[PDB]
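**Q** File follows, coords11.txt with compact mmCIF, C-alpha atoms:
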# COMPACT_ATOMS: atom_id res chain seq x y z
CA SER H 1 95.59 13.97 -44.05
CA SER H 2 95.57 12.39 -40.45
CA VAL H 3 94.45 9.07 -39.09
CA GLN H 4 90.95 9.21 -37.59
CA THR H 5 90.11 7.89 -34.13
CA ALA H 6 87.10 7.01 -32.00
CA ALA H 7 87.16 6.14 -28.31
CA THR H 8 84.91 4.57 -25.74
CA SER H 9 85.24 3.51 -22.12
CA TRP H 10 83.32 1.68 -19.45
CA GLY H 11 83.30 0.84 -15.79
CA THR H 12 85.49 2.28 -13.07
CA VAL H 13 88.90 0.79 -13.95
CA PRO H 14 88.09 1.85 -16.67
CA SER H 15 88.39 -0.21 -19.80
CA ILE H 16 89.17 1.96 -22.83
CA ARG H 17 88.99 1.11 -26.54
CA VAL H 18 90.50 3.36 -29.20
CA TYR H 19 89.76 2.65 -32.86
CA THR H 20 91.99 4.10 -35.56
CA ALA H 21 91.20 4.39 -39.28
CA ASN H 22 94.49 4.51 -41.20
CA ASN H 23 94.78 4.09 -44.96
CA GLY H 24 91.39 2.36 -45.21
CA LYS H 25 91.89 -0.07 -42.29
CA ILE H 26 90.44 0.23 -38.78
CA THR H 27 92.35 -1.33 -35.89
CA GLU H 28 91.82 -1.32 -32.10
CA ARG H 29 93.93 -0.63 -29.04
CA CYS H 30 92.71 -1.66 -25.61
CA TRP H 31 93.35 -0.70 -22.00
CA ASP H 32 91.98 -2.76 -19.10
CA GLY H 33 93.94 -1.08 -16.29
CA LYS H 34 97.47 -2.45 -16.68
CA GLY H 35 98.63 -1.48 -20.14
CA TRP H 36 97.73 -1.07 -23.81
CA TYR H 37 97.35 -4.04 -26.13
CA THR H 38 96.10 -4.71 -29.64
CA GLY H 39 92.48 -5.74 -29.88
CA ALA H 40 90.76 -8.26 -32.07
CA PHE H 41 88.89 -5.69 -34.17
CA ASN H 42 90.28 -5.31 -37.70
CA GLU H 43 87.92 -4.23 -40.52
CA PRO H 44 87.97 -1.87 -43.49
CA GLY H 45 87.05 1.77 -43.11
CA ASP H 46 88.14 5.34 -43.73
CA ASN H 47 85.99 6.67 -40.91
CA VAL H 48 85.04 5.23 -37.53
CA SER H 49 82.68 6.02 -34.64
CA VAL H 50 81.84 3.93 -31.58
CA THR H 51 79.42 3.64 -28.70
CA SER H 52 79.16 1.07 -25.89
CA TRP H 53 76.98 0.15 -22.94
CA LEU H 54 77.01 -2.22 -20.01
CA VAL H 55 74.37 -4.78 -19.09
CA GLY H 56 75.53 -5.55 -15.58
CA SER H 57 79.24 -6.34 -16.07
CA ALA H 58 78.80 -7.35 -19.75
CA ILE H 59 80.08 -4.84 -22.31
CA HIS H 60 78.38 -4.33 -25.64
CA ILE H 61 80.22 -2.31 -28.32
CA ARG H 62 79.03 -0.93 -31.66
CA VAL H 63 81.61 0.32 -34.18
CA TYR H 64 80.39 2.18 -37.27
CA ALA H 65 82.92 1.83 -40.11
CA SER H 66 82.48 3.91 -43.24
CA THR H 67 84.02 3.73 -46.71
CA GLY H 68 82.53 5.97 -49.42
CA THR H 69 78.81 6.22 -48.60
CA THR H 70 78.64 2.73 -47.03
CA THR H 71 78.58 2.40 -43.25
CA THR H 72 78.87 -1.05 -41.68
CA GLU H 73 78.02 -1.68 -38.03
CA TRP H 74 80.22 -4.15 -36.15
CA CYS H 75 78.97 -5.64 -32.90
CA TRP H 76 80.74 -7.01 -29.84
CA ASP H 77 78.41 -8.80 -27.42
CA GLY H 78 80.91 -11.00 -25.53
CA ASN H 79 81.71 -13.64 -28.15
CA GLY H 80 83.45 -12.12 -31.19
CA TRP H 81 82.79 -9.32 -33.65
CA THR H 82 79.75 -9.74 -35.93
CA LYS H 83 78.10 -7.56 -38.58
CA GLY H 84 75.06 -5.74 -37.25
CA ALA H 85 71.67 -4.86 -38.69
CA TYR H 86 72.43 -1.15 -39.21
CA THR H 87 71.58 0.26 -42.61
CA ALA H 88 71.63 3.92 -43.63
CA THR H 89 68.26 3.80 -45.49
CA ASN H 90 65.04 1.72 -45.56
CA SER Q 1 86.61 21.82 -45.89
CA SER Q 2 85.60 21.92 -42.05
CA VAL Q 3 86.74 21.78 -38.49
CA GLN Q 4 86.36 18.44 -36.69
CA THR Q 5 84.82 18.06 -33.24
CA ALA Q 6 84.49 15.55 -30.43
CA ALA Q 7 82.18 15.85 -27.43
CA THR Q 8 81.71 14.28 -24.02
CA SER Q 9 79.48 14.94 -21.04
CA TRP Q 10 79.03 13.81 -17.48
CA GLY Q 11 76.72 14.03 -14.52
CA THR Q 12 73.24 15.47 -14.39
CA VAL Q 13 73.86 19.20 -14.88
CA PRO Q 14 75.53 18.11 -17.15
CA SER Q 15 79.07 19.24 -17.75
CA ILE Q 16 79.91 19.15 -21.47
CA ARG Q 17 83.27 19.40 -23.19
CA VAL Q 18 83.58 20.02 -26.94
CA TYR Q 19 87.02 19.66 -28.57
CA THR Q 20 87.62 21.24 -31.96
CA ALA Q 21 90.50 20.51 -34.34
CA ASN Q 22 90.98 23.63 -36.47
CA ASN Q 23 94.01 24.14 -38.70
CA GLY Q 24 96.17 21.78 -36.65
CA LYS Q 25 95.16 23.05 -33.20
CA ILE Q 26 92.77 21.38 -30.79
CA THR Q 27 90.97 23.67 -28.36
CA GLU Q 28 88.22 23.07 -25.79
CA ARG Q 29 84.90 24.70 -24.93
CA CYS Q 30 83.22 23.89 -21.65
CA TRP Q 31 79.72 24.05 -20.21
CA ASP Q 32 79.08 23.50 -16.48
CA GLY Q 33 75.46 24.69 -16.39
CA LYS Q 34 75.70 28.49 -16.71
CA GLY Q 35 77.44 29.23 -19.99
CA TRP Q 36 80.24 28.26 -22.34
CA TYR Q 37 83.88 29.11 -21.63
CA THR Q 38 87.29 28.24 -23.03
CA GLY Q 39 88.96 25.30 -21.40
CA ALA Q 40 92.55 24.66 -20.49
CA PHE Q 41 93.12 22.03 -23.19
CA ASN Q 42 95.27 23.31 -26.07
CA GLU Q 43 97.39 20.86 -28.05
CA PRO Q 44 98.31 20.14 -31.66
CA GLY Q 45 96.16 17.89 -33.77
CA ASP Q 46 94.20 17.49 -36.97
CA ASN Q 47 91.80 14.91 -35.53
CA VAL Q 48 90.34 14.45 -32.06
CA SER Q 49 88.33 11.88 -30.15
CA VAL Q 50 87.39 11.81 -26.48
CA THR Q 51 86.01 9.63 -23.73
CA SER Q 52 85.41 10.32 -20.04
CA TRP Q 53 84.28 8.59 -16.86
CA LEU Q 54 83.41 9.50 -13.27
CA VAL Q 55 84.93 8.06 -10.13
CA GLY Q 56 82.42 9.36 -7.63
CA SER Q 57 82.25 13.07 -8.47
CA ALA Q 58 85.79 13.17 -10.01
CA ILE Q 59 85.94 13.38 -13.79
CA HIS Q 60 88.62 11.66 -15.80
CA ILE Q 61 89.00 12.63 -19.48
CA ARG Q 62 91.05 11.08 -22.27
CA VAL Q 63 91.60 13.04 -25.48
CA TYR Q 64 93.19 11.33 -28.47
CA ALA Q 65 94.90 13.88 -30.73
CA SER Q 66 96.26 12.82 -34.11
CA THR Q 67 98.63 14.43 -36.59
CA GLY Q 68 99.64 12.34 -39.61
CA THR Q 69 99.94 8.78 -38.30
CA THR Q 70 100.84 9.82 -34.73
CA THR Q 71 98.19 9.71 -31.99
CA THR Q 72 98.86 11.25 -28.56
CA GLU Q 73 96.66 10.59 -25.53
CA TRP Q 74 96.08 13.52 -23.20
CA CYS Q 75 94.77 12.86 -19.70
CA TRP Q 76 92.77 14.96 -17.25
CA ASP Q 77 92.60 13.41 -13.77
CA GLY Q 78 91.86 16.51 -11.70
CA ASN Q 79 95.18 18.38 -11.75
CA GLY Q 80 96.12 19.43 -15.25
CA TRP Q 81 96.49 17.79 -18.64
CA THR Q 82 99.30 15.20 -18.91
CA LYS Q 83 100.49 12.93 -21.72
CA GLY Q 84 99.17 9.39 -21.33
CA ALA Q 85 100.67 5.95 -21.91
CA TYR Q 86 98.70 5.25 -25.11
CA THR Q 87 100.74 4.03 -28.06
CA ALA Q 88 99.35 2.73 -31.37
CA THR Q 89 101.82 -0.22 -31.51
CA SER K 1 86.30 10.92 -49.57
CA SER K 2 83.93 8.99 -47.11
CA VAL K 3 80.94 9.84 -45.01
CA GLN K 4 81.60 10.67 -41.36
CA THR K 5 79.58 9.33 -38.42
CA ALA K 6 79.00 9.92 -34.75
CA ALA K 7 77.17 7.58 -32.38
CA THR K 8 75.58 7.65 -28.96
CA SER K 9 73.51 5.25 -26.91
CA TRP K 10 71.59 5.14 -23.66
CA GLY K 11 69.80 2.80 -21.32
CA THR K 12 69.85 -0.96 -21.29
CA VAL K 13 67.81 -1.77 -24.42
CA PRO K 14 69.72 0.27 -25.59
CA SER K 15 68.59 3.14 -27.73
CA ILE K 16 71.24 4.06 -30.31
CA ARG K 17 71.53 7.12 -32.51
CA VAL K 18 73.96 7.28 -35.44
CA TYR K 19 74.50 10.64 -37.18
CA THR K 20 76.04 10.72 -40.64
CA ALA K 21 77.57 13.73 -42.38
CA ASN K 22 77.32 13.21 -46.14
CA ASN K 23 77.61 15.88 -48.82
CA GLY K 24 76.77 18.80 -46.52
CA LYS K 25 73.85 17.14 -44.70
CA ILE K 26 73.74 15.44 -41.34
CA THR K 27 71.04 12.82 -40.95
CA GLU K 28 70.09 10.40 -38.17
CA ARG K 29 69.35 6.71 -37.88
CA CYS K 30 67.74 5.35 -34.76
CA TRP K 31 67.43 2.00 -32.96
CA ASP K 32 65.06 1.56 -30.01
CA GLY K 33 65.24 -2.25 -29.76
CA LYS K 34 63.14 -3.41 -32.74
CA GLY K 35 64.77 -2.06 -35.84
CA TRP K 36 66.50 0.90 -37.47
CA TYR K 37 64.49 3.94 -38.61
CA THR K 38 65.20 7.43 -39.86
CA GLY K 39 65.20 10.08 -37.20
CA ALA K 40 63.91 13.64 -37.21
CA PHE K 41 67.34 15.25 -37.15
CA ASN K 42 68.32 16.80 -40.50
CA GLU K 43 70.64 19.83 -40.51
CA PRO K 44 73.55 21.11 -42.56
CA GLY K 45 77.08 20.09 -41.84
CA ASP K 46 80.28 18.53 -43.04
CA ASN K 47 81.25 17.13 -39.62
CA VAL K 48 79.31 15.82 -36.65
CA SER K 49 79.90 14.85 -33.03
CA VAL K 50 77.38 13.92 -30.35
CA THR K 51 76.92 13.37 -26.67
CA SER K 52 73.88 12.46 -24.59
CA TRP K 53 72.76 11.97 -21.01
CA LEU K 54 69.74 10.75 -19.10
CA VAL K 55 67.76 12.60 -16.48
CA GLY K 56 65.79 9.70 -15.07
CA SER K 57 64.36 8.11 -18.23
CA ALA K 58 64.43 11.39 -20.25
CA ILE K 59 67.17 11.59 -22.87
CA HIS K 60 69.00 14.79 -23.69
CA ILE K 61 71.11 14.87 -26.86
CA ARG K 62 73.61 17.44 -28.13
CA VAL K 63 74.76 17.29 -31.74
CA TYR K 64 77.64 19.52 -32.85
CA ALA K 65 77.42 20.23 -36.61
CA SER K 66 80.30 22.01 -38.34
CA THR K 67 80.59 23.69 -41.72
CA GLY K 68 83.91 25.45 -42.39
CA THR K 69 84.90 27.00 -39.05
CA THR K 70 81.30 27.38 -37.75
CA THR K 71 79.98 24.80 -35.28
CA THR K 72 76.27 24.82 -34.42
CA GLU K 73 74.90 22.92 -31.41
CA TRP K 74 71.54 21.22 -31.82
CA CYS K 75 69.60 20.15 -28.73
CA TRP K 76 67.05 17.43 -28.10
CA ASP K 77 65.33 17.74 -24.72
CA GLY K 78 62.14 15.80 -25.41
CA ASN K 79 60.21 18.20 -27.64
CA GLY K 80 61.99 18.75 -30.93
CA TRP K 81 65.43 19.86 -32.05
CA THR K 82 66.45 23.43 -31.14
CA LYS K 83 69.61 25.48 -31.64
CA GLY K 84 71.75 25.59 -28.51
CA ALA K 85 73.82 28.29 -26.83
CA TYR K 86 77.19 26.83 -27.90
CA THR K 87 79.67 29.25 -29.44
CA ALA K 88 83.33 28.61 -30.26
CA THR K 89 84.65 31.97 -28.91
In structure tokens, how does this file's structure come out?

**A**
Amino acid sequence: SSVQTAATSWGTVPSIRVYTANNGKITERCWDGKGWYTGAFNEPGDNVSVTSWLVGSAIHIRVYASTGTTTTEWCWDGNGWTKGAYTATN
Amino acid sequence: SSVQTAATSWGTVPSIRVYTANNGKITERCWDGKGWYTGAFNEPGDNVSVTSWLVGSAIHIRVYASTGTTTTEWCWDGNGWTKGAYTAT
Amino acid sequence: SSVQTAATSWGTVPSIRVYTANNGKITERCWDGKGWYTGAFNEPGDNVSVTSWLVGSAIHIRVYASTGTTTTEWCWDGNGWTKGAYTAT
């Protein structure tokens, strides 16, 4: 049944990121105070969650994308999306 | 199989808001330090996410409600819930 | 069908907590700056959401676990997980 979303925000503007899982694909929409635009994030998943934090003015984002029982962490640390170290078991 | 929830919080008390999508309706439960009560938010949706931020002591909340492939942003900026500018494309 | 997750983080390290609902169980994976490990949280549910806040350096976490139409709040306030006062009505 419906698409699945996850949202985060930071700062005072604020910036907002909304991730949508739709038919096995996760995409990203972004707001930085003027309007919505399509973000760089595009990875497989049926389910998505997100968290973010600032270090000074630098945003760090973690997106957890799940398909079946496999969850992949995707990391934004200022210079592109990369796969993170997250695993669900030892 | 189950309801679906989304939660946010702010401040030091804190205030908490929990949104639940149940049979196509999203409702809101609120905690401001004393007990839980039903919030003003009531809109259609099968899925919900939320984020919030403070500007000084003023809370701003964004709720993303989805039905099928359609996502609607709902905004709280201190004087009622209003539909936001979010579009998926 | 896929597992369903919820995530929160705090501080500057940061600490991260990822909750996964899988086959009626919600479990927790934790990062405190060195590596991922399995957390203490293990409770029933088909759906999970989370929020957290700091009071100074002390973290407070609220996990909302749902099975059918029943949502249970679980609370971390520094000395184990306890059932919270949340009710839906």

**Q** Residues within 8 Å of residue 21 of chain Q, please, as a ChimeraX atom specification. Count only C-alpha atoms; anything in the same chain fewer than 5 positions from it doesn't count.

**A** /Q:3-5,26-27,45-48

**Q** Quick one: residues within 9 Å of residue 85 of chain H, only C-alpha atoms counted, chain neighbours fewer than 3 positions away excluded, as a ChimeraX atom specification?

**A** /H:72-74 /K:35-36

**Q** Counting only C-alpha atoms, which residue out of Q:10, Q:64, Q:19, Q:53 sits closest to residue 3 of chain H?

**A** Q:64

**Q** Could you please tell me, as a list in words, which residues of chain Q have an atom within 6 Å of chain K when using all atoms listed in the file?

**A**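 Selected residues: residues 1, 2, 3, 5, 6, 7 and 8 of chain Q.
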
**Q** For residue 72 of chain K, which residue among K:20, K:84, K:31, K:25 is the nearest when counting all atoms listed in the file?

**A**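 Closest candidate: K:84.
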
**Q** Taking (93.2, 18.2, -17.2) in the file's own coordinates, collect the residues within 10 Å, counting only C-alpha atoms, and hand them back as a ChimeraX atom specification.

**A** /Q:39-41,59-63,74-82

**Q** Between atom CA of residue 22 of chain K and atom CA of residue 2 of chain H, what is the distance, to one decimal in Å?

**A**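 Here the two named atoms are 19.1 Å from each other.
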
**Q** With chain Q as the partner and 10 Å as the cut-off, tabulate the residues of chain H that qualify, each row holding the nearest pair of atoms and their distance in Å to one decimal, using only C-alpha atoms, sorted by chain and rising number, as a tab-separated table.

**A**
residue	atom	partner	partner_atom	distance
H:1	CA	Q:68	CA	6.2
H:2	CA	Q:68	CA	4.2
H:3	CA	Q:69	CA	5.6
H:4	CA	Q:47	CA	6.1
H:5	CA	Q:49	CA	5.9
H:6	CA	Q:49	CA	5.4
H:7	CA	Q:51	CA	5.9
H:8	CA	Q:51	CA	5.6
H:9	CA	Q:51	CA	6.4
H:10	CA	Q:53	CA	7.4
H:11	CA	Q:53	CA	7.9
H:12	CA	Q:55	CA	6.5
H:13	CA	Q:55	CA	9.1
H:14	CA	Q:53	CA	7.7
H:16	CA	Q:51	CA	8.3
H:17	CA	Q:51	CA	9.5
H:18	CA	Q:64	CA	8.4
H:19	CA	Q:88	CA	9.7
H:20	CA	Q:88	CA	8.6
H:21	CA	Q:69	CA	9.8
H:22	CA	Q:69	CA	7.5
H:23	CA	Q:69	CA	9.6
H:27	CA	Q:88	CA	9.3
H:28	CA	Q:88	CA	8.6
H:29	CA	Q:88	CA	6.8
H:30	CA	Q:86	CA	9.2
H:31	CA	Q:86	CA	8.6
H:35	CA	Q:85	CA	7.9
H:36	CA	Q:86	CA	6.5
H:37	CA	Q:89	CA	8.0
H:38	CA	Q:89	CA	7.5
H:49	CA	Q:49	CA	9.3

**Q** Output C-alpha atoms for every residue in that selection, as a PDB file, in the coordinates of the input.

**A**
ATOM      1  CA  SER H   1      95.590  13.970 -44.050  1.00  0.00           C
ATOM      2  CA  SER H   2      95.570  12.390 -40.450  1.00  0.00           C
ATOM      3  CA  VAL H   3      94.450   9.070 -39.090  1.00  0.00           C
ATOM      4  CA  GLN H   4      90.950   9.210 -37.590  1.00  0.00           C
ATOM      5  CA  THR H   5      90.110   7.890 -34.130  1.00  0.00           C
ATOM      6  CA  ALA H   6      87.100   7.010 -32.000  1.00  0.00           C
ATOM      7  CA  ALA H   7      87.160   6.140 -28.310  1.00  0.00           C
ATOM      8  CA  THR H   8      84.910   4.570 -25.740  1.00  0.00           C
ATOM      9  CA  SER H   9      85.240   3.510 -22.120  1.00  0.00           C
ATOM     10  CA  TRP H  10      83.320   1.680 -19.450  1.00  0.00           C
ATOM     11  CA  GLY H  11      83.300   0.840 -15.790  1.00  0.00           C
ATOM     12  CA  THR H  12      85.490   2.280 -13.070  1.00  0.00           C
ATOM     13  CA  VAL H  13      88.900   0.790 -13.950  1.00  0.00           C
ATOM     14  CA  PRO H  14      88.090   1.850 -16.670  1.00  0.00           C
ATOM     15  CA  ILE H  16      89.170   1.960 -22.830  1.00  0.00           C
ATOM     16  CA  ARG H  17      88.990   1.110 -26.540  1.00  0.00           C
ATOM     17  CA  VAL H  18      90.500   3.360 -29.200  1.00  0.00           C
ATOM     18  CA  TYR H  19      89.760   2.650 -32.860  1.00  0.00           C
ATOM     19  CA  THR H  20      91.990   4.100 -35.560  1.00  0.00           C
ATOM     20  CA  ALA H  21      91.200   4.390 -39.280  1.00  0.00           C
ATOM     21  CA  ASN H  22      94.490   4.510 -41.200  1.00  0.00           C
ATOM     22  CA  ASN H  23      94.780   4.090 -44.960  1.00  0.00           C
ATOM     23  CA  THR H  27      92.350  -1.330 -35.890  1.00  0.00           C
ATOM     24  CA  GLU H  28      91.820  -1.320 -32.100  1.00  0.00           C
ATOM     25  CA  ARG H  29      93.930  -0.630 -29.040  1.00  0.00           C
ATOM     26  CA  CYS H  30      92.710  -1.660 -25.610  1.00  0.00           C
ATOM     27  CA  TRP H  31      93.350  -0.700 -22.000  1.00  0.00           C
ATOM     28  CA  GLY H  35      98.630  -1.480 -20.140  1.00  0.00           C
ATOM     29  CA  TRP H  36      97.730  -1.070 -23.810  1.00  0.00           C
ATOM     30  CA  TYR H  37      97.350  -4.040 -26.130  1.00  0.00           C
ATOM     31  CA  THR H  38      96.100  -4.710 -29.640  1.00  0.00           C
ATOM     32  CA  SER H  49      82.680   6.020 -34.640  1.00  0.00           C
TER      33      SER H  49
END

**Q** Mind giving me the straight-line distance from atom CA of residue 43 of chain Q to atom CA of residue 9 of chain Q in Å, one decimal?

**A**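 We find that atom CA of residue 43 of chain Q and atom CA of residue 9 of chain Q lie 20.1 Å from each other.
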
**Q** By how many Å are atom CA of residue 15 of chain H and atom CA of residue 34 of chain H apart?

**A**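 Separation of atom CA of residue 15 of chain H and atom CA of residue 34 of chain H: 9.9 Å.
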
**Q** Around all the atoms of segment 40-53 of chain Q listed in the file, with 5 Å of room on each side, what axis-aligned box do you get, giving centre and edge lengths in Å to one decimal, as JSON?

**A**
{"center_x": 91.3, "center_y": 16.6, "center_z": -26.9, "size_x": 24.0, "size_y": 26.1, "size_z": 30.1}

**Q** Complete the atom set of segment 25-43 of chain Q to N, CA and C atoms and return it as a CSV table (one decimal), keeping the file's coordinate frame.

**A**
chain,number,residue,atom,x,y,z
Q,25,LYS,N,95.2,22.8,-34.6
Q,25,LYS,CA,95.2,23.0,-33.2
Q,25,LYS,C,93.9,22.5,-32.6
Q,26,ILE,N,93.9,21.8,-31.5
Q,26,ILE,CA,92.8,21.4,-30.8
Q,26,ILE,C,92.6,22.3,-29.6
Q,27,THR,N,91.4,22.9,-29.5
Q,27,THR,CA,91.0,23.7,-28.4
Q,27,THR,C,89.7,23.1,-27.7
Q,28,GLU,N,89.3,23.6,-26.6
Q,28,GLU,CA,88.2,23.1,-25.8
Q,28,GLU,C,87.3,24.1,-25.4
Q,29,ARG,N,86.0,23.9,-25.5
Q,29,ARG,CA,84.9,24.7,-24.9
Q,29,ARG,C,84.1,23.9,-23.9
Q,30,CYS,N,83.7,24.5,-22.8
Q,30,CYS,CA,83.2,23.9,-21.6
Q,30,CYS,C,81.9,24.5,-21.2
Q,31,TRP,N,81.0,23.7,-20.8
Q,31,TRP,CA,79.7,24.0,-20.2
Q,31,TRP,C,79.6,23.3,-18.9
Q,32,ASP,N,79.3,24.1,-17.8
Q,32,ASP,CA,79.1,23.5,-16.5
Q,32,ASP,C,77.7,24.0,-15.9
Q,33,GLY,N,76.8,24.4,-16.8
Q,33,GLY,CA,75.5,24.7,-16.4
Q,33,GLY,C,75.0,26.1,-16.5
Q,34,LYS,N,76.0,27.0,-16.6
Q,34,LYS,CA,75.7,28.5,-16.7
Q,34,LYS,C,76.0,29.1,-18.1
Q,35,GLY,N,77.0,28.7,-18.7
Q,35,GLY,CA,77.4,29.2,-20.0
Q,35,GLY,C,78.7,28.5,-20.5
Q,36,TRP,N,79.1,28.9,-21.7
Q,36,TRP,CA,80.2,28.3,-22.3
Q,36,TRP,C,81.5,29.1,-22.1
Q,37,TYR,N,82.6,28.4,-21.9
Q,37,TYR,CA,83.9,29.1,-21.6
Q,37,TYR,C,85.0,28.3,-22.2
Q,38,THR,N,86.1,28.9,-22.4
Q,38,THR,CA,87.3,28.2,-23.0
Q,38,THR,C,88.1,27.5,-22.0
Q,39,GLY,N,88.3,26.2,-22.3
Q,39,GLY,CA,89.0,25.3,-21.4
Q,39,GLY,C,90.5,25.4,-21.5
Q,40,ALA,N,91.1,24.7,-20.5
Q,40,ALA,CA,92.6,24.7,-20.5
Q,40,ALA,C,93.2,23.8,-21.6
Q,41,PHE,N,92.5,22.9,-22.2
Q,41,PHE,CA,93.1,22.0,-23.2
Q,41,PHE,C,93.5,22.8,-24.5
Q,42,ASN,N,94.8,22.7,-24.9
Q,42,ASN,CA,95.3,23.3,-26.1
Q,42,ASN,C,96.5,22.5,-26.6
Q,43,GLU,N,96.3,21.7,-27.6
Q,43,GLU,CA,97.4,20.9,-28.0
Q,43,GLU,C,97.3,20.7,-29.6
